[PDB]
Engineer: 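I am attaching a structure below and will ask some questions about it afterwards.
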Amino acid sequence: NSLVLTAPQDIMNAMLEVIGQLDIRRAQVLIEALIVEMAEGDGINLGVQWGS
Amino acid sequence: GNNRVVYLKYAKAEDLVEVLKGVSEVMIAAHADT
């Protein structure tokens, strides 16, 4: 994980500054989701039939 | 001493040929068996 750089002094210094600015640590994120589900149901059936 | 043969300890020569082509520009060659 190395960079090999060849350039004159001024370009070298500029490139080293850019590398130093881009070579930094990243933070982390813990992400939590929450799913809630509720269901309710009620029914009634009533009837009378006549037959012969 | 226009020519040298370098024995590598930890790296692979085929890997270093590509890297050193730019820096050299001069001939660079790799012997894989040794």
Side-chain angles (χ1 to χ4, degrees):
Chain A
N1 199 51
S2 321
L3 287 170
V4 183
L5 308 166
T6 179
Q9 213 51 59
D10 50 290
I11 303 166
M12 194 79 288
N13 287 358
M15 275 207 282
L16 289 183
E17 265 289 55
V18 168
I19 289 160
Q21 263 160 359
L22 287 166
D23 195 46
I24 50 162
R25 200 188 197 119
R26 298 145 73 185
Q28 298 177 100
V29 198
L30 168 67
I31 299 140
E32 313 182 71
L34 181 60
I35 316 144
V36 198
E37 216 295 276
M38 302 193 91
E40 227 160 10
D42 215 36
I44 183 159
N45 284 28
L46 198 180
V48 181
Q49 300 188 75
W50 298 82
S52 156
Chain B
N2 205 358
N3 327 103
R4 309 265 306 238
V5 173
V6 175
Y7 303 118
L8 302 170
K9 313 179 247 54
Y10 302 104
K12 227 200 302 310
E14 161 210 44
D15 285 6
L16 293 196
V17 161
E18 320 331 325
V19 165
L20 285 168
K21 278 321 281 163
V23 175
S24 84
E25 298 261 55
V26 289
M27 224 38 69
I28 321 278
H31 193 222
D33 260 26
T34 40

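Lettering follows sequence order; numbering is per chain, from 1. We use all heavy atoms of the structure for the numbers below, so side chains are in, but hydrogens, waters and symmetry mates are not.
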Engineer: Take atom CD of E18(B) as the centre, draw a 6.0 Å sphere, and report whether it contains more than 12 heavy atoms from other residues, nucleotides or ligands.
Structural biologist: yes
Engineer: Atom CG in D15(B), atom CG in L8(B): separation rounded to 0.5 Å?
Structural biologist: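 Answer for the CG-CG pair, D15(B) versus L8(B), is 10.0 Å.
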Engineer: Please identify each residue that fulfils side-chain contact (heavy atoms from CB on, under 4.5 Å) with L22(A), with sequence neighbours left out.
Structural biologist: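 Expected list: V18(A).
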Engineer: Would you mind reporting whether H31(B) and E14(B) have side-chain heavy atoms less than 4.5 Å apart?
Structural biologist: no
Engineer: Give the minimum heavy-atom separation between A7(A) and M15(A), together with the two atoms involved.
Structural biologist: CB-CE, 3.9 Å
Engineer: Within the structure provided, determine whether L16(B) and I28(B) are in side-chain contact (heavy-atom separation under 4.5 Å).
Structural biologist: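 Side-chain contact under 4.5 Å: no.
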Engineer: Indicate the atoms forming the closest heavy-atom contact of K21(B) with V26(B), along with that distance.
Structural biologist: NZ-O, 3.7 Å
Engineer: Measure the CG-OG1 distance between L20(B) and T6(A) for me, rounded to the nearest 0.5 Å.
Structural biologist: 11.5 Å
Engineer: Could you tell me the separation between the CD1 atom of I24(A) and the CD1 atom of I19(A), rounded to the nearest 0.5 Å?
Structural biologist: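 Reported value, rounded in 0.5 Å steps: 14.0 Å.
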Engineer: What's the shortest heavy-atom distance between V17(B) and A30(B), and which atoms?
Structural biologist: CG2-CB, 3.7 Å
Engineer: Would you check if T34(B) and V5(B) make a side-chain contact, meaning some heavy-atom pair closer than 4.5 Å?
Structural biologist: no
